[PDB]
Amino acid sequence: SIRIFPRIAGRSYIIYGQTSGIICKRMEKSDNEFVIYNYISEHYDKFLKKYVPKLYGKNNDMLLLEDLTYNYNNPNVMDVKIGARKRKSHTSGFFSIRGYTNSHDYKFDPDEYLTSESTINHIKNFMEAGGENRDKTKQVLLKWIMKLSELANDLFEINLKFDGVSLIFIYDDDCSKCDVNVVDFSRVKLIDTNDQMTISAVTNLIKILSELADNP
């Protein structure tokens, strides 16, 4: 039993752990992701505890990570790239939606450059599986805004360049719970200042979600 993990985006080999609640991500190019998890653990442990899946350990080239979808009956997942891309500019200006649950139904294309209006529409598309209870969808948005606000505030004090990192947004079909966490440290770098570009990605998301939560 190798059970392939249903990824939203990326090209790394990710499988289910042999045990419950764990996924195994192969470090394809270097062990930098492991070096960065260990650096954050030693220098910014509060950031790791609040915003990042637990790293349970390492097996050869495999990271044993907390499965962020594990406690969900019917998870809907959106992957938003908020760190700098390797060569390309962001598809939505400050960030790039990499994919989401049911995106094929909406003709989402991760290579398409989007206007603000199309960006907002794809986020609304992601929220449609959450259903007709406007009040429950508002609560999911507000809980994301609560955590992302705190993240953006905390990023001012972190001397890392979060190149390539993604936000994984999750809500259950019934909107009974949600979360957002930072994943993919494989290109993160030590620097002597905060990462303003990544902070701008997060504040732009906060603005967009806040408009959605307030829309009548």
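Start at 1 with the first residue shown and count on from there.
Checklist entry - Out of 187-195 and 47-55, which stretch has the higher average CA B-factor listed in the record? => result If you average the C-alpha B-factors of 187-195 and of 47-55, the larger mean comes out for 187-195.
Checklist entry - Which is higher in the entry, the mean Cα B factor of 149-157 or that of 173-181? => result The entry gives the higher C-alpha B-factor average to 173-181.
Checklist entry - Highest CA temperature factor in the entry: which of 122, 134, 143, 81? => result Comparing C-alpha B-factors across 122, 134, 143, 81, the top value belongs to 134.
Item to check | Identity of residue with top Cα B-factor, from 96, 101, 139, 73 | outcome: Comparing C-alpha B-factors across 96, 101, 139, 73, the top value belongs to 73.
Checklist entry - If you rank the chain by CA B-factor, which third does residue 4 end up in: lowest, middle or highest? => result It falls in the top third of the chain.
Item to check | Entry-reported Cα temperature factor of residue 19, expressed as the chain third it lands in | outcome: Residue 19: CA B-factor falls in the middle third of its chain.
Item to check | CA B-factor ranking of residue 113, expressed as a third of its chain | outcome: It falls in the top third of the chain.
Next on the checklist: Where does the C-alpha B-factor of residue 67 rank in its chain, lowest, middle or highest third?
Outcome noted: CA B-factor rank for residue 67: lowest third.
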